[PDB]
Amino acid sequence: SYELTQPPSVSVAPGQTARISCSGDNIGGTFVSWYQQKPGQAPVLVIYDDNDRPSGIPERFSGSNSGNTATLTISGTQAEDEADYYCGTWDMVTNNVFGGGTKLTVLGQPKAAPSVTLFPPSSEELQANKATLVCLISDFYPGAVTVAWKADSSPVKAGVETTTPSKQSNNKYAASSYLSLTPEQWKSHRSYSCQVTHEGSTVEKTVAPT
């Protein structure tokens, strides 16, 4: 039965209307609820039973539900409305189901590309029979990045661990990626690169054995 599907991301200018949709097979015959969740905070109900509003919720939040689509509309979107939004329903088969969430951005800072710093394994770690290449990614906005490694232009999937972006202390984001090899592997290619792509374009740093 029951998957509910939302778009990962929606953007609005301040004062523009945001619309977040939530789709499911005859979702129109369930009672849809909507939750807003800010970073590090519990979800808060903003609409229940398709279109009703708890007291305390600003009148700009409204809801709709017909056919395969339910929609949460925010008119005159404000800065504080920036959050993840989840749609939710109940049905006999799967009980309480939630959509995957939709991050809403109110165009809030200017774009900033990532700084990428890439460190080769240390002589200390190579003496201890290991090697880690460390790729540090900072000062970006908005907060999504795609990182990739190459061993002399040849792609690598083996041995790569990458964090998800976390909001900084100046309203931009940081992440890191680590590529773990053996010393022989590390000597066995003539160079290595983390290639970081930020909505738009690709930044690259490269390192070579010594």
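In case it trips you up, residue 1 is the first one in the sequence shown, and so on.
Participant: Can you let me know which of the two, 178-186 or 22-30, has the higher average C-alpha B-factor in the entry?
Facilitator: That would be 178-186.
Participant: Averaging C-alpha B-factors over each stretch, which comes out higher, 84-92 or 123-131?
Facilitator: On average, C-alpha B-factors are higher across 123-131.
Participant: For the C-alpha B-factor as written in the entry, point me to the maximum among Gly40, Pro155, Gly63, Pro54.
Facilitator: Spelled out: the listed residue with the top C-alpha B-factor is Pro155.
Participant: Should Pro110 be placed in the lowest, middle or highest third of its chain by the C-alpha B factor in the entry?
Facilitator: Answer is middle: the recorded C-alpha B-factor places it there.
Participant: What third of its chain's C-alpha B-factors does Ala151 belong to: lowest, middle or highest?
Facilitator: Ranked within chain, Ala151 CA B lands in the highest tercile.
Participant: Going by the CA temperature factor in the PDB record, which third of the chain does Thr163 belong to: lowest, middle or highest?
Facilitator: Within its chain, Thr163 is a lowest-third residue by C-alpha B-factor, going by the deposited values.
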